[PDB]
Visitor: 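Got a structure here, written out as structure tokens. Questions coming.
All values below come from the heavy atoms of this structure, side chains included, with hydrogens, waters and symmetry mates left out. Both ligands and their constituent atoms are indexed starting at 1 by order of listing. In what follows, chains are A, B, ... by sequence order, proteins preceding strands, each numbered from 1.
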Amino acid sequence: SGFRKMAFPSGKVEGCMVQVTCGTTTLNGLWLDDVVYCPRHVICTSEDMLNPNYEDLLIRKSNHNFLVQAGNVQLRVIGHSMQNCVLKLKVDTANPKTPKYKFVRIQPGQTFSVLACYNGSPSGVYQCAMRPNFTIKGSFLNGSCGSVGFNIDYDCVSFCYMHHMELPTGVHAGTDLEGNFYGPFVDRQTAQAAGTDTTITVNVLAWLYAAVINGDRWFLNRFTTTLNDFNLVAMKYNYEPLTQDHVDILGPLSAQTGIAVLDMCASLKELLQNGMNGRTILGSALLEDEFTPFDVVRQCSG
Amino acid sequence: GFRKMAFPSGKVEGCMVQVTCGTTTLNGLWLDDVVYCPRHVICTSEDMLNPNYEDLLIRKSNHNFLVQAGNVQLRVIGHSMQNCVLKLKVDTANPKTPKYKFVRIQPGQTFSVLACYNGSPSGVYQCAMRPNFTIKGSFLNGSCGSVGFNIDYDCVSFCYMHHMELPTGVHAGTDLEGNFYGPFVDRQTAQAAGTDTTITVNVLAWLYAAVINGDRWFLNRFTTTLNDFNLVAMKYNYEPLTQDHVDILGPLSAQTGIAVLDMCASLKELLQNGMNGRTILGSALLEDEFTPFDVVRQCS
Ligand SMILES: *[C@@H](O)[C@H](C[C@@H]1CCNC1=O)NC(=O)[C@H](CC(C)C)NC(=O)OCC(C)(C)Sc1cccc(Cl)c1
Ligand SMILES: [Cl-]
């Protein structure tokens, strides 16, 4: 309670969604300036999906085999190339709705909004976290590939995710906008599985900071720890080790509360070793790990 | 395979503007040549405790209202009040005005909120109208005039405009006719809501969602009558389940092959026993802000 998963407003991304069709296979693409980005498996027949030779499938393709549409309006394709697992289709029209944007590759633990799309039309938007096993717990059906995940910083859309697949456990995997998968997955219809997931320590710490900011601070103790000692203990509880970047992005919440990051780690260490003893934090007996330090700032101070 | 999903907010973002009167700034909704916003923008500090709004509005001029759409000021050429909403007529029509209507939602229904500050969209999330006519939102200073909405076909149904926070941290507001949901009043006083209840038909929709996604540890072989379930529900401050609700659940029942009253039997067992360590769709608590329509749209 107090916090909810808040997505970024989706309008700037909605203005960039199109559909891309090869034969009868339609998925979503992202139209920025005069380039459309989409998953390369749009060019696959199901026979060639068991294990595709993408370079060879693409040699047989011409610009005029790709049907790109913004709604019902066709955008003529004038060039094509493959970059890793994404297709780049040059089109003859620069998207007038192109926002200021960048392509970023996010780290596990970071959150982003997903604009779920089908045949080029948005259905919904929600907030996802990249798990340490490089999956997301999304909500995706057939025809959703090419949907993108993004953050907005002032004027600028940072695109971080394009959707490609669903795994047996029901979680989802995909690439950055340079076509590089997050995690060890491949865009082939061969059996693959997500590694064992772990808890996102940096986000749990952000949540404890958030609890302190709201006056819920019984779990603070008078001790500290080294980063190494904490990481070795955390791993025993299936918690991710902290990086230096994690310590850095906790900086603003550390300053707001006056609680050093390593002192908060010592408090978390005691919670892990001793449990809640029947208590709650921000209403919950469970520790939340899908709010980043930035998400906390957004909702408390923003 | 299940998330709290909001409608895409682009059609509403194209309507948000900033409205300023004196030292007060909040958001307005610009449709055609009219901007809608909470009337308490005209309020001063020395009047917020018992504001005679009709009296305060007659003392204002069109030029006291600064409306800005981005870096562009819109000229106000007229103004009226409809209940707790101020209507500012401006000289230019919003070309981004979508197909739309104003609706009043019922408790238990859900909608998306576009939280805005200074006329700029900041975040989007899904909310439910609580049975006590509050909403559990995330709203800060300056968020007033933010709107809640649903989308059907290409039509945006506006149902909520944000006015206030209660001491318990929940929120209250009006429909776009300016009528509050609940017994709340747009004066600067601490106000409390009636006792809340849990939206039972929605908890059931969410249990069906957890089945669809393979969670079924909570199912059982028992069955219950509708009335006997409702007796237990009311004891735990759950809303009673109507036969219209049973019908509304049919698709989810058919899709899973679990009779509605069988799912009621599972919910009764959870209410009486608890979850006992276990979680459903990741939660330790029963979720009641997904409607049947919500769950279906997302599992279809
Ligand atoms: C978009 O094309 C689509 C999106 C999924 C369809 C249903 N929900 C989705 O998120 N993507 C695909 O269908 C994938 C296309 C391939 C990767 C080129 N196919 C896919 O997701 O298959 C999953 C694997 C890789 C075969 S692992 C697996 C094995 C057995 C059972 C399951 Cl559920 C997954
Ligand atoms: Cl939430």
Visitor: Do A:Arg131 and A:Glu290 meet the salt-bridge criterion of a basic N to acidic O distance under 4.0 Å?
Guide: yes
Visitor: Examine the proximity of ligand 1 to A:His172 and report which part, side chain or backbone, both or neither, has a heavy atom under 4.0 Å away.
Guide: side chain
Visitor: Decide whether A:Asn119 and A:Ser121 meet the rule of one side-chain donor and one side-chain acceptor closer than 3.5 Å.
Guide: no
Visitor: Which of these, A:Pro39, A:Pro168, A:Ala173, has its nearest heavy atom closest to atom 32 (C) of ligand 1?
Guide: A:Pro168
Visitor: Compute the shortest N/O to N/O distance between A:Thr190 and ligand 1 and return yes if it is under 3.5 Å, no if not.
Guide: no
Visitor: In terms of atom number and element, which parts of ligand 1 are under 4.0 angstrom from non-hydrogen atoms of A:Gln192?
Guide: 25 (C), 27 (S)
Visitor: On a heavy-atom basis, I'd like to know which of A:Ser139, A:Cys145, A:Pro52 is closest to atom 1 (C) of ligand 1.
Guide: A:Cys145
Visitor: So which of A:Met49, A:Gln189, A:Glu166 gets nearest to atom 5 (C) of ligand 1, if we judge by its closest heavy atom?
Guide: A:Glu166
Visitor: Would A:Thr201 and A:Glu240 count as having a side-chain donor-acceptor pair, cut-off 3.5 Å?
Guide: no
Visitor: Would you check whether A:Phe140 has a nitrogen or oxygen atom less than 3.5 angstrom from a nitrogen or oxygen atom of ligand 1?
Guide: yes
Visitor: I'd like to check which ligand 1 atoms, numbered from 1 as shown, lie under 4.0 Å from a non-hydrogen atom of A:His163.
Guide: 4 (C), 9 (C), 10 (O)
Visitor: Is the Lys NZ or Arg CZ of B:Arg3 less than 6.0 Å from the centre of A:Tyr126's six-membered ring, within 45° of the axis?
Guide: no
Visitor: A cation-pi test, strictly: NZ or CZ of A:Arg105 under 6.0 Å from the centre of the six-membered ring of A:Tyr182 and no more than 45 degrees from its axis. Yes or no?
Guide: yes
Visitor: Would you mind running through ligand 1 and noting each atom that sits below 4.0 Å from a heavy atom of A:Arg188?
Guide: 25 (C)
Visitor: Using a 4.0 Å cutoff against the non-hydrogen atoms of A:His164, which atoms of ligand 1 qualify?
Guide: 11 (N), 12 (C), 14 (C), 15 (C), 17 (C)
Visitor: So, applying ring pair (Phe, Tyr, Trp, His ring centres under 6.0 Å) with A:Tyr37, which one of A:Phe159, A:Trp31, A:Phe103 is it?
Guide: A:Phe103
Visitor: Quick one: does any side-chain atom of A:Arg4 pair with a main-chain N or O of B:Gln126 as donor and acceptor, under 3.5 Å?
Guide: yes
Visitor: Pick out which of A:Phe294, A:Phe150, A:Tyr161 makes a ring pair (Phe, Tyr, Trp, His ring centres under 6.0 Å) with A:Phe112.
Guide: A:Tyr161
Visitor: Determine whether the side chain, the backbone, both or neither of A:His41 has a heavy atom under 4.0 Å from any heavy atom of ligand 1.
Guide: side chain
Visitor: Heavy-atom distances under 4.0 Å are what count here, so tell me which part of A:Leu27 touches ligand 1: side chain, backbone, both or neither.
Guide: neither
Visitor: For A:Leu268 and A:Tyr239, which heavy atoms make the closest approach, and how far apart are they?
Guide: CD2-CE2, 4.1 Å
Visitor: If we only count N/O pairs under 3.5 Å, is A:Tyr54 in contact with ligand 1?
Guide: no
